[PDB]
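Notes to accompany the following structure.
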Amino acid sequence: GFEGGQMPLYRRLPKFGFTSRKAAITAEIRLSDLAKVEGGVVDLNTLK
Amino acid sequence: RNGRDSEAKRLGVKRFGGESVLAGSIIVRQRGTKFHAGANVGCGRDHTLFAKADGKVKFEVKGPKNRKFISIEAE
Amino acid sequence: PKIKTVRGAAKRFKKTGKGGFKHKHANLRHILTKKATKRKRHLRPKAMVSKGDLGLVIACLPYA
RNA sequence: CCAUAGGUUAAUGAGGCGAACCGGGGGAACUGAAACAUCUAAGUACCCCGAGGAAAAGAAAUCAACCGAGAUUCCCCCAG
RNA sequence: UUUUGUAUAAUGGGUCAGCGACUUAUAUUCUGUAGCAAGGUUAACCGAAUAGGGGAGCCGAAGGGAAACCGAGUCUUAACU
RNA sequence: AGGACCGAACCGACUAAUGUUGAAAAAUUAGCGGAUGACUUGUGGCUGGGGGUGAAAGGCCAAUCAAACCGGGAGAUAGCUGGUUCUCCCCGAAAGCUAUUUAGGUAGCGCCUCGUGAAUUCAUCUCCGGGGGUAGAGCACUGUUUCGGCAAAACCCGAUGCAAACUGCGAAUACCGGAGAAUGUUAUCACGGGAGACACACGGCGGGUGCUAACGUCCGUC
RNA sequence: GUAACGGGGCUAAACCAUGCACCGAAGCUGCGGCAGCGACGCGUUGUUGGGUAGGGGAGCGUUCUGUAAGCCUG
RNA sequence: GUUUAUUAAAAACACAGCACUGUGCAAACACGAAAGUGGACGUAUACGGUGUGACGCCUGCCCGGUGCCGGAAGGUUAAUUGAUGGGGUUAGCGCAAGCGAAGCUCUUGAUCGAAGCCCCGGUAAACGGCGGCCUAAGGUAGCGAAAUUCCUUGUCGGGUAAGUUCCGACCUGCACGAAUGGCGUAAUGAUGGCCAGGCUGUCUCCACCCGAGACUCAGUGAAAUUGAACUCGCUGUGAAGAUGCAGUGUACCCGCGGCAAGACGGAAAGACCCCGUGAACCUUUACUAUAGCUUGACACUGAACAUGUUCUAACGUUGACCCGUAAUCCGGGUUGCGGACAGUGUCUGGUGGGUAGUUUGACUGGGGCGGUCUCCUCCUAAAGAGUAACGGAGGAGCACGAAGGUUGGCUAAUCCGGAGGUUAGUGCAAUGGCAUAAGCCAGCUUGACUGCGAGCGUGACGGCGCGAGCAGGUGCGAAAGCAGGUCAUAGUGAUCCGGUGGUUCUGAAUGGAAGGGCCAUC
RNA sequence: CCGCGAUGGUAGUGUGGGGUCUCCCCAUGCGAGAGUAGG
Ligand SMILES: [K+]
Ligand SMILES: [K+]
Ligand SMILES: [K+]
Ligand SMILES: [K+]
Ligand SMILES: [K+]
Ligand SMILES: [K+]
Ligand SMILES: [K+]
Ligand SMILES: [K+]
Ligand SMILES: [K+]
Ligand SMILES: [K+]
Ligand SMILES: [K+]
Ligand SMILES: [K+]
Ligand SMILES: [K+]
Ligand SMILES: [K+]
Ligand SMILES: [K+]
Ligand SMILES: [K+]
Ligand SMILES: [K+]
Ligand SMILES: [K+]
Ligand SMILES: [K+]
Ligand SMILES: [K+]
Ligand SMILES: [K+]
Ligand SMILES: [K+]
Ligand SMILES: [K+]
Ligand SMILES: [K+]
Ligand SMILES: [K+]
Ligand SMILES: [Mg+2]
Ligand SMILES: [Mg+2]
Ligand SMILES: [Mg+2]
Ligand SMILES: [Mg+2]
Ligand SMILES: [Mg+2]
Ligand SMILES: [Mg+2]
Ligand SMILES: [Mg+2]
Ligand SMILES: [Mg+2]
Ligand SMILES: [Mg+2]
Ligand SMILES: [Mg+2]
Ligand SMILES: [Mg+2]
Ligand SMILES: [Mg+2]
Ligand SMILES: [Mg+2]
Ligand SMILES: [Mg+2]
Ligand SMILES: [Mg+2]
Ligand SMILES: [Mg+2]
Ligand SMILES: [Mg+2]
Ligand SMILES: [Mg+2]
Ligand SMILES: [Mg+2]
Ligand SMILES: [Mg+2]
Ligand SMILES: [Mg+2]
Ligand SMILES: [Mg+2]
Ligand SMILES: [Mg+2]
Ligand SMILES: [Mg+2]
Ligand SMILES: [Mg+2]
Ligand SMILES: [Mg+2]
Ligand SMILES: [Mg+2]
Ligand SMILES: [Mg+2]
Ligand SMILES: [Mg+2]
Ligand SMILES: [Mg+2]
Ligand SMILES: [Mg+2]
Ligand SMILES: [Mg+2]
Ligand SMILES: [Mg+2]
Ligand SMILES: [Mg+2]
Ligand SMILES: [Mg+2]
Ligand SMILES: [Mg+2]
Ligand SMILES: [Mg+2]
Ligand SMILES: [Mg+2]
Ligand SMILES: [Mg+2]
Ligand SMILES: [Mg+2]
Ligand SMILES: [Mg+2]
Ligand SMILES: [Mg+2]
Ligand SMILES: [Mg+2]
Ligand SMILES: [Mg+2]
Ligand SMILES: [Mg+2]
Ligand SMILES: [Mg+2]
Ligand SMILES: [Mg+2]
Ligand SMILES: [Mg+2]
Ligand SMILES: [Mg+2]
Ligand SMILES: [Mg+2]
Ligand SMILES: [Mg+2]
Ligand SMILES: [Mg+2]
Ligand SMILES: [Mg+2]
Ligand SMILES: [Mg+2]
Ligand SMILES: [Mg+2]
Ligand SMILES: [Mg+2]
Ligand SMILES: [Mg+2]
Ligand SMILES: [Mg+2]
Ligand SMILES: [Mg+2]
Ligand SMILES: [Mg+2]
Ligand SMILES: [Mg+2]
Ligand SMILES: [Mg+2]
Ligand SMILES: [Mg+2]
Ligand SMILES: [Mg+2]
Ligand SMILES: [Mg+2]
Ligand SMILES: [Mg+2]
Ligand SMILES: [Mg+2]
Ligand SMILES: [Mg+2]
Ligand SMILES: [Mg+2]
Ligand SMILES: [Mg+2]
Ligand SMILES: [Mg+2]
Ligand SMILES: [Mg+2]
Ligand SMILES: [Mg+2]
Ligand SMILES: [Mg+2]
Ligand SMILES: [Mg+2]
Ligand SMILES: [Mg+2]
Ligand SMILES: [Mg+2]
Ligand SMILES: [Mg+2]
Ligand SMILES: [Mg+2]
Ligand SMILES: [Mg+2]
Ligand SMILES: [Mg+2]
Ligand SMILES: [Mg+2]
Ligand SMILES: [Mg+2]
Ligand SMILES: [Mg+2]
Ligand SMILES: [Mg+2]
Ligand SMILES: [Mg+2]
Ligand SMILES: [Mg+2]
């Protein structure tokens, strides 16, 4: 990231946003995953 | 006591006669109306002439003052 | 050992679907009264990192 | 004044050495930051004390998240 | 060797023999190649086992948004031509 | 009597020559100063490194002193200098721009290379459409200039020149776009792997600077 | 130290004009050979091959491990 | 006397003498985290520090600056203390919106508060200063072309045939001057300058001689250096001063004694000079710290009223005596003195080159000094864009709720109603524009709107610019239409950190909150 | 729609070549401005 002493790109641009703790404990399930569970009922525990 | 100058402004003609342009395209950047806006050409706040329609650039000398107008001939 | 992320870069860039990076525009922190609304409006949405700069950003964010 | 300090003798133990590892008492700077002081190097090097075949830690005033786990230690993940 | 440029009166070497400088570890990306393929691969460890077990994990199959969230869309905006 | 006098031992070190791979990492020779004193010398002791000691020269502290020596941190760091080892084949730069406590460093871009993909993509010429304000020219303008006339020597008129920052004119070339053929190993553009380079030199042409001085200096272009 | 034709020398062996000859390079051509790239007949044709930094491609040789209780060697 | 052992012996250091200043003894001061020790088994006729430097005659004026000393009314001011207000949470109260006790909690910071500083004085043998109307005061005595005088070899006198030196004067002191002493001064000096007698191979100008080398023979036997050498002159050429290139001249092969013009000879990775975001040590009113010194609060730390002192019991004792004991340590005891002081710990303000770590820009016809550094206009700039120099010329770091928007109306300079036609005007440089006026006036106004934005320009990038049109809502005008600031091009500052307002976001068990995000803004 | 102008010569200049090289010349291509006849 050193540019010869010019204020580098990752410092001349502003920070933004925050990180969500909820996003880390949220998943997406594809339709192709629904058959992969045992016994035809899809909930968190059967997906796990 | 000298040694100063300003940045060059890249003025002048961007699209010459007969060039096909899209609407919005800048035709000339200038200081004041060295060229004037003809048919299908707008004049911006800094005297930039730009195409208001798709077509070909046309320079022409018209009026009693014999002024250089720029128009777009629609395709 | 594992490469360390440049943590300042991770706070300023996010990787997009085709592997580019989005960033927030400069010039919208302060000294805002003198700036035209048009100029500020155009600085609000996030922008993509340019081709010249991608190499620098990628080096800083090896786990992007 | 009683006494206590002190004195003499006896018994028992210690003392010193040793490469690393271990716990503790102290603790740099070069260096990096393209200068430099916060910061880094690093609780590293080094000095000191003490131990053992290992040491230290250890049996929840611990986590968790409304479900539960169940002392300490070490390894792989979690994750740059 | 260094230089715009060296027979240079710039540098280095008296000669010979021997030694003398892009490595190693881990991470990461790209190329080649091999395996398997919407999957791929296991770590520690167990195992007398280069086997076999171990799928904890990791990467991929979905993105958009600061985020809640929505989702082949999503964000922007009261709302998009 | 005396930090008294002359002068050996003893202690010094003012001058000169020699010596300078020495007889000697400080001496020899001839002269020189002190020589009862703040003298000199033997033996032993004490002061330790940002510390000592110093009638003070940054002097001396083991041939070492503006911070001893030895070991360690330690392979400190070194944008600097040097050096970098067998062979053949293909391609082949740059010494520029921008930014930089930057200027002999470095970063992005330009230029090299390798890979992948893609258009009649690119170049030359011809024809067509364009904008120019340079060369030249000119003097209405903005300044400058001379002569004559006229006349409040103004102004005005005729005649004559001059201009990077003058233009009532204005090329060649160059550049942008369009069309067409021929030619060219895609010569083009994009994306990705790997760079190097960012001290340039002279010569021609157009110029600034300098003295139309410099093998001078600074641009443009070949 | 001649020292302001490279020298000898030159009255052309100087200069101007016109012309035809010749010499002259690693240029071009001829003959033989090697290699890169472009189409494939796995045919031969077109063309290319000066190179520093540097990129790409392909190799030689050295020590050591397997192949090797093999093979060579008094 | 002393000194740079090893290029400086001196005018340097020291010195007796002088002065200032500190110091009452457990002295100041120094070494030491401390105990202690030196000072000193001394006691102000003593001891430390500082400057000056025998002696003689002397030592002037300035206290404004910096220091030191004294003051202590007033201003300012630390820790500490926590008045007051504001917020979070929730028992309740409310049908809901919300409100909201106690407690806990986040924040605010009244009052208290020492030294210091400001302030008022003093002080120059403190650091220092000592004029051409001005100052704190304007240099006295003495001395002066000087260890000081640039101009300068000043000028005059002396000495010499001739004297930039010397001696004596003059004063025009570039830039003397009174204890960082002034002026003198007998004696002293391996001290600096000048002159004379004697003396001479110092010299005119060298000659001869005696010895040690050098030379030859025998024995022993180094060294630095060295790409390779078949290692000439000259004139040219050329990384610009040639044995090696060109042309030409000269030259049989090889030693020995000699000489040093060249081999840019040998020696030492130039010490000068510049450069490196190198080093060291030194300085200071550079920055940041910090030992030390100093201030107060709380602790060790107590008792009687005063809003004064007294007391003893903590504590001190480097007073005396006794014992452990053969002991100037130490401890215990007795006693005197001092006494809640002193002193030490934690906290805290001041002071703090005593000590430490560091910083102290770049460009540049070498560096420094000066100038410059961002932005705008013109020219250089070669008729697209761009284009350098410590090239040539000027500007900006704003202004304006009208000087913006729109509709209607209007047209200048200058000269003498007319002529003239922008030669004026533009909010401000310059260039290109502007009559359909962009110049100028009036009425009505807030489009100097919010969300967006086809497309394009310009940048390595960060960015910057131009923009029809779409949605919402608006102004002007009759309407067409125009309006997303201003004739255009300068009037500017990334990111971080934080502040303020808003907010269908987040909220570390849960509800909240804090903090964070997002939007606006500083 | 927006109030002059030939012909000829001259100046300049792209490309190639040359000289006595601060400036020119030759071959070839392009060819003004001003002015003249005239309108
Ligand atoms: K355009
Ligand atoms: K440090
Ligand atoms: K550095
Ligand atoms: K050089
Ligand atoms: K040299
Ligand atoms: K790799
Ligand atoms: K692979
Ligand atoms: K969309
Ligand atoms: K030291
Ligand atoms: K670069
Ligand atoms: K590339
Ligand atoms: K050139
Ligand atoms: K002496
Ligand atoms: K004072
Ligand atoms: K409350
Ligand atoms: K003087
Ligand atoms: K003094
Ligand atoms: K005196
Ligand atoms: K020769
Ligand atoms: K010689
Ligand atoms: K007592
Ligand atoms: K007390
Ligand atoms: K220069
Ligand atoms: K120079
Ligand atoms: K609208
Ligand atoms: Mg420029
Ligand atoms: Mg300009
Ligand atoms: Mg903001
Ligand atoms: Mg550093
Ligand atoms: Mg044991
Ligand atoms: Mg244990
Ligand atoms: Mg439970
Ligand atoms: Mg050179
Ligand atoms: Mg050569
Ligand atoms: Mg030589
Ligand atoms: Mg050489
Ligand atoms: Mg060198
Ligand atoms: Mg050498
Ligand atoms: Mg997703
Ligand atoms: Mg004597
Ligand atoms: Mg001595
Ligand atoms: Mg002697
Ligand atoms: Mg004597
Ligand atoms: Mg004597
Ligand atoms: Mg000195
Ligand atoms: Mg020594
Ligand atoms: Mg040191
Ligand atoms: Mg280290
Ligand atoms: Mg090293
Ligand atoms: Mg080639
Ligand atoms: Mg810039
Ligand atoms: Mg001209
Ligand atoms: Mg001109
Ligand atoms: Mg074309
Ligand atoms: Mg550079
Ligand atoms: Mg350069
Ligand atoms: Mg240069
Ligand atoms: Mg150049
Ligand atoms: Mg030239
Ligand atoms: Mg040159
Ligand atoms: Mg020249
Ligand atoms: Mg001669
Ligand atoms: Mg031939
Ligand atoms: Mg050939
Ligand atoms: Mg052939
Ligand atoms: Mg060839
Ligand atoms: Mg080749
Ligand atoms: Mg083998
Ligand atoms: Mg003496
Ligand atoms: Mg000496
Ligand atoms: Mg001496
Ligand atoms: Mg004492
Ligand atoms: Mg003195
Ligand atoms: Mg006070
Ligand atoms: Mg006084
Ligand atoms: Mg007087
Ligand atoms: Mg003089
Ligand atoms: Mg004189
Ligand atoms: Mg005289
Ligand atoms: Mg004489
Ligand atoms: Mg003399
Ligand atoms: Mg005199
Ligand atoms: Mg003096
Ligand atoms: Mg003085
Ligand atoms: Mg005085
Ligand atoms: Mg004085
Ligand atoms: Mg004196
Ligand atoms: Mg005197
Ligand atoms: Mg011999
Ligand atoms: Mg020569
Ligand atoms: Mg000889
Ligand atoms: Mg000799
Ligand atoms: Mg030499
Ligand atoms: Mg050197
Ligand atoms: Mg106290
Ligand atoms: Mg200090
Ligand atoms: Mg210091
Ligand atoms: Mg440091
Ligand atoms: Mg430094
Ligand atoms: Mg510099
Ligand atoms: Mg241009
Ligand atoms: Mg041009
Ligand atoms: Mg250029
Ligand atoms: Mg340039
Ligand atoms: Mg410039
Ligand atoms: Mg778009
Ligand atoms: Mg901060
Ligand atoms: Mg919570
Ligand atoms: Mg919680
Ligand atoms: Mg908030
Ligand atoms: Mg003609
Ligand atoms: Mg004409």
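Lettering of chains follows the sequences in order, A, B, ..., and the numbering in each one begins at 1. Any value given below was found using the heavy atoms of this structure, including those in side chains, with hydrogens, waters and symmetry copies removed.
Judged by a 6.0 Å distance limit and a 45° cone about the ring axis, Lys46(C) is positioned over the six-membered ring of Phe16(A). Remark: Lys62(B) is not positioned above the aromatic ring of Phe69(B), lacking an NZ or CZ atom under 6.0 angstrom from the ring centre and at most 45 degrees off the axis.
Across the protein-nucleic acid pair, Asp53(C) atom CG and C109(F) atom P stand 8 Å apart, rounded to whole Å. A straight line from NE2 of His23(C) to P of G65(E) spans 13 Å, rounded to a whole angstrom. Per the geometry, CG belonging to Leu9(A) stands 12 Å off P belonging to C461(H), to the nearest Å. Distance, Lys4(C) NZ to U40(D) P: 13 Å, rounded to whole Å.
One finds no side-chain N or O of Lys22(C) lying less than 4.0 angstrom from the OP1 or OP2 phosphate oxygen of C75(E). Remark: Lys40(C) is in phosphate contact with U521(H), judged by side-chain N or O atoms under 4.0 Å from OP1 or OP2. Residue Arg12(C) places no side-chain N or O under 4.0 Å from the OP1 or OP2 atom of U495(H). An OP1 or OP2 oxygen of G64(E) is reached within less than 4.0 angstrom by no side-chain nitrogen or oxygen of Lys46(C). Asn2(B) has no side-chain polar atom (N or O) that falls below the 4.0 Å cut-off from OP1 or OP2 of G391(H). In this structure, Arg21(A) does not reach the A67(E) phosphate: none of its side-chain N or O atoms is under 4.0 Å from OP1 or OP2. OP1 or OP2 of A494(H) has not a single side-chain nitrogen or oxygen of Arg11(A) nearer than 4.0 Å.
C482(H) and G475(H) are base-paired, meeting the Watson-Crick or G-U wobble geometry with both donor-acceptor distances under 3.5 Å. Using the rule of two distances under 3.5 Å, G31(F) and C14(F) count as a Watson-Crick or G-U wobble pair. The bases of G136(F) and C169(F) line up as a Watson-Crick or G-U pair, and both contact lengths stay under 3.5 Å.
Nucleic acid contact class of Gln30(B) (heavy atoms, under 4.0 Å, all strands): none. Contact annotation for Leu11(B): backbone-only contact, meaning every heavy-atom pair under 4.0 Å involves sugar-phosphate atoms and none involves a base. Residue-level contact check: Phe35(B) touches the backbone only, with heavy atoms under 4.0 Å from sugar-phosphate atoms and none from bases. Within 4.0 Å of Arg12(A), counting heavy atoms only, lies at least one base atom of the nucleic acid. If you check every strand for non-hydrogen atoms under 4.0 Å, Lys22(A) touches sugar and phosphate atoms only. Counting any heavy atom pair closer than 4.0 Å across all strands shown, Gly12(B) reaches no nucleic acid atom. Residue-level contact check: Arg39(C) touches the backbone only, with heavy atoms under 4.0 Å from sugar-phosphate atoms and none from bases. Residue-level contact check: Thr19(A) touches neither bases nor backbone, having no heavy atom under 4.0 Å from any strand. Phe2(A) comes within 4.0 angstrom of a nucleotide base, judged by non-hydrogen atoms across all strands. No engagement by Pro45(C) is indicated, since no non-hydrogen atom pair under 4.0 Å with the nucleic acid exists. Within the nucleic acid shown, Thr33(B) comes within 4.0 Å of at least one base atom, counting heavy atoms only.
Side-chain to base pairing of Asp5(B) with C376(H): no donor and acceptor N or O lie closer than 3.5 Å to each other. Between the side chain of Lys38(C) and the base of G467(H) there is at least one donor-acceptor pair of N/O atoms closer than 3.5 Å. In the interface, the side chain of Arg41(C) is paired with the base of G453(H) through a donor and an acceptor atom under 3.5 Å apart. No donor-acceptor contact under 3.5 Å links the side chain of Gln6(A) to the base of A494(H). Applying the 3.5 Å distance criterion, the base of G129(F) shares no donor-acceptor pair with the side chain of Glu19(B).
Residue ring and base: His47(B) counts as stacked with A438(H) (centre distance below 5.5 Å, interplanar angle below 30°).
Aromatic rings of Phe16(B) and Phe59(B) (six-membered ring for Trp) have centroids beyond the 6.0 Å cut-off, not under it.
Taking the side chain of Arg4(B) as heavy atoms from C-beta on, and the options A25(E), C464(H), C376(H), the nearest nucleotide is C376(H). Looking at the side chain of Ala23(A), the nearest of the listed nucleotides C497(H), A68(E), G457(H) is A68(E). Closest to the side chain of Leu43(C), from the set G132(F), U489(H), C464(H), is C464(H).
With a 5.5 Å centre cut-off and a 30° plane cut-off, the bases of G54(E) and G55(E) come out unstacked. In this strand, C151(H) sits stacked on its neighbour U152(H); the base ring centres are under 5.5 angstrom apart and the planes under 30 degrees.
No more than 12 heavy atoms of other residues, nucleotides or ligands sit less than 6.0 Å from atom CZ of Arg11(A). Heavy-atom neighbours of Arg41(C) CZ from other residues, nucleotides or ligands within 6.0 Å: above the threshold of 12.
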